[PDB]
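What follows is a single chain, given as structure tokens, in the form deposited in one PDB entry.
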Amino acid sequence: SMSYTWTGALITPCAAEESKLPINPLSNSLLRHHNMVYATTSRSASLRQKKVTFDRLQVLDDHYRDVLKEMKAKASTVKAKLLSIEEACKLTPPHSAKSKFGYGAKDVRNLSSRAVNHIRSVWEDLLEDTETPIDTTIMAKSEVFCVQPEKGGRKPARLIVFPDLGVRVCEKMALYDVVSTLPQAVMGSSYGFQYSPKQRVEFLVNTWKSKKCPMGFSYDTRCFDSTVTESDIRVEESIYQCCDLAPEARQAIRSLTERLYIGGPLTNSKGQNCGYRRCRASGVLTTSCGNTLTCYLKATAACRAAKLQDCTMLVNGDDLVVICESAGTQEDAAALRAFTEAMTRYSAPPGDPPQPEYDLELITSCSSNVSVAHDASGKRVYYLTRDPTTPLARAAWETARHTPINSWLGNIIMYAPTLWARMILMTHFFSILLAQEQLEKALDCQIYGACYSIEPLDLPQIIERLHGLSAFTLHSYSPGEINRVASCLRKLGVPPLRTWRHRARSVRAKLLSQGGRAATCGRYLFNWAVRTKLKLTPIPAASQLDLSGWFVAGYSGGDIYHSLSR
């Protein structure tokens, strides 16, 4: 079966697309080699289409069947709730793509009669029609990156496939509780999204330390969404049906599976038929949960076929990492070859073959790795970091153009204890917000796929809560880390680290001479910059009235919004 079939009609943009980082009079503040930065457009969609289109061969065995059963036994434990129309409407983001039927996201969140009436008709139709394929729109996504080491090497745009706004609200009524609760019930501590960065590190380290003689490797599949088969999607549904569910929820799930999740027709922004899909749609509520369960299922069965000792896995969508008991250098290498052969049989071949690693700091997963620094007292602290190239390019682009979503904010949040995030990101953006007086204006950013509204004045509290005060006192970063960061700054033309120390004291001062939330930002966010460092004490409001539901599950491609955690 082919992952996609194409008619020849083109994948079209619904509006003008910027590809080059226009000559900004402030982004230079950050980076000078503009030509290194680019955004993907519709123009490279055909290149992506050829990467993503191929026949899938899949052969299942006893290990696969044993593991599926164990998963279903755990899922049987779950009781899921049907969301009411109102609750599902509130989860919709304010700028979600409007409906083909004459109402938008503003209308849905306001519970307008025309929106609610169309939403009900969609719901009833899921009960009355068990089989007609549901329409979806295919689009080229606009994402920014830094040019490939092979100068001129560029990533073609990724493709996003999604049903109408009305269908998306119904997916939430039937499946939001399921997608937010079942992964953890089935996968235990192996479910990645239940962890904040601080917790993910803790789990990686204790697990590594749990081994007598550790071995580990990251495994990334080549175009995972396209490797997902009709069979995989139906197995996913068999796991969801093990929950206790209301009858209408049960039928909605059955209909959604057959009419949308397994495949359907592709329509461009002009209303023309582009072709047909028989693999995972990247923009449905179930894609994170579905990919996570499917990845876990195939990998767990693969270790058994390969006979790997005491494997513990950590899965986030298609990102997989595993740490087992080493059995000898030669042994290990041959076990992976085996593991890859089994994954391949299960319809999940790798992009780059995996490599056994015997140093935890060398494993890269979710585009990140564990590194080591020291805190105030000097007690080796572990934390998560990543190559900063993409984050810095995106921050440059966001300085020059107002984007709906601000990755820089999410990056400060998720990587606040990092060297680059503190010296560069915090300094650059707080000077800017200072300049325009936007410390109040809340900004939209996203964590693990969900869109969250956050007011920059609350970062100190958020950071303390997630990372602990160590994040405000780390200091003797590793050499490999400092080298990677400085090498990245040269590549892009970002001013050397020692330069930022200077701008920091300035901003910091302008923030203290401000008081309120402003002043506290100045005290904790820039303590590393002051010559006379002070002793930071736990924040009041922070470690108290702070909201959660932040690290429960992944919602990438899911159209999920929460405007909480101020």
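Definition used throughout: the rigid core is the maximal C-alpha set that superposes within 1.5 Å between two forms. All residue numbers refer to positions in the sequence shown, first residue = 1. Shifts are known only where both forms have a C-alpha.
As for the form solved in complex with a small molecule, it is not shown, yet the points below apply to it.
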Of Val321, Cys324, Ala348, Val494, the one that lies within 4.5 Å of the small molecule in the deposited bound form (heavy atoms): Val494
Proximity to the small molecule in the deposited bound form, single hit among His118, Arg422, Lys172, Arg277 (heavy atom within 4.5 Å): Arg422
In the deposited bound form, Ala486 touching the small molecule (heavy atom, 4.5 Å): yes
The small molecule contact in the deposited bound form: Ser84, any heavy atom under 4.5 Å: no
Partner proximity in the deposited bound form: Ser189 to the small molecule, non-hydrogen atom cutoff 4.5 Å: no
Any non-hydrogen atom of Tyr64 within 4.5 angstroms of the small molecule in the deposited bound form: no
Among 266-274, 130-138, 414-422, 239-247, the region lying within 4.5 Å of the small molecule in the deposited bound form by heavy atom distance: 414-422
Rigid-core frame, C-alpha of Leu545, shift of 2 angstroms or more between the shown form and the other one: yes
Sequence-ordered runs, three or more residues, C-alpha shift 2 Å or more between the shown form and the other one, rigid core: 545-548
